[PDB]
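The form deposited in one PDB entry is given below as one chain in structure tokens.
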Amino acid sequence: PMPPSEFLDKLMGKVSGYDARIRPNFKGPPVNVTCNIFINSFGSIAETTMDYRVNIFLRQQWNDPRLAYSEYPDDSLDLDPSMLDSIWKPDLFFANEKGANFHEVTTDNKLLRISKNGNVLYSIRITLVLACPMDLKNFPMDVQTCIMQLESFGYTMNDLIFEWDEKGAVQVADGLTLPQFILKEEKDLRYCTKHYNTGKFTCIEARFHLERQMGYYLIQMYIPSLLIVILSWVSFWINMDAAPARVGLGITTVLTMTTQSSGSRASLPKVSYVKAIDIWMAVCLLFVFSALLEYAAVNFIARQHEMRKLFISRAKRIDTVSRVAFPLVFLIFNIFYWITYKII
């Protein structure tokens, strides 16, 4: 017959009255648009900005009865992306965009095909920088739910409804992993229908659950803080007469733990509430600060001058108890700490 781009010009042209400014089934039931995404890339999950960059394929399927055809023999017509301003498309957008763009290198990365019954598959490649509010109450032990929601801008609910398709509404690429997180397989899919003073608009959202990787923050924060707590415990085996030894040991431990506690929040939003690393670095600062208060008690009691034999023997007694007591209380703190942030 005739080539399919010229058959498709006769289906959009001024003859037969196709208008791309007018939705299908006009003055009728609303247009059902079913959607699924394919996640190509996922990452750069910043927390100062509380956003994340994603790279998706956005597929949209609806039915335009004006685009049905029976003269042409074959079952689909790929419309060229140069001619996409000539058919109706839904005005989908993302309610938490914070910036987005198309991909237009070597060709506009757009795709459209029309079936004989008028089904329109429309797939485009988008980069999004989506805004998700972080919750950092238990910071290395948290699960983050970063969402993405797909709305209509102009058409209200009586004109256009979005749905997810039941055949796998969110696909993820095969070798897509994350450096700081893992992405769970189960993904929540529900409705987020918005009301304004203009009207009610359709909205569908997808929730992605991100569990952090534990092993980074152990190496940088938990293990070096635990060694300085042990470093304060070797003061209890040094002689009492070595005054600049046991004093200078407690000085350097209590101010490196001040340095370690500052760098524990070096890449974080300035939230007001306390978090799980903040109650680690505060309690571990309490051990290295009370280990130096132990020697100030030993240095004061032993210089109380039989009055000299009773003073040395009493100050020797606290130095035997504190060799047992401080690794015993720090042990029963690590029980109550790690059990609390494993059951939660």
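Heads up, when I say rigid core I mean the largest set of C-alphas that superpose within 1.5 Å between the two forms. Residues carry their position along the shown sequence, with the first being 1.
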_Unmodelled deposited residues flanked by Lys27 on one side and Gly28 on the other_ = none
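Not pictured, yet referred to below: the form deposited in another entry.
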*Residue among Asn96, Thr252, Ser123, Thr145 whose Cα moves 2 Å or more between this form and the one not shown, once the rigid core is superposed*: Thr252
*State yes or no: after fitting on the rigid core, is the Cα displacement of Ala173 between this form and the one not shown at least 2 Å?*
no
*asked:* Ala20: after superposing the rigid core, is there a C-alpha shift of 2 Å or more between this form and the one not shown?
replied: no
*So, does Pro269 move by 2 Å or more at the CA between this form and the one not shown, with the core held fixed?*
yes
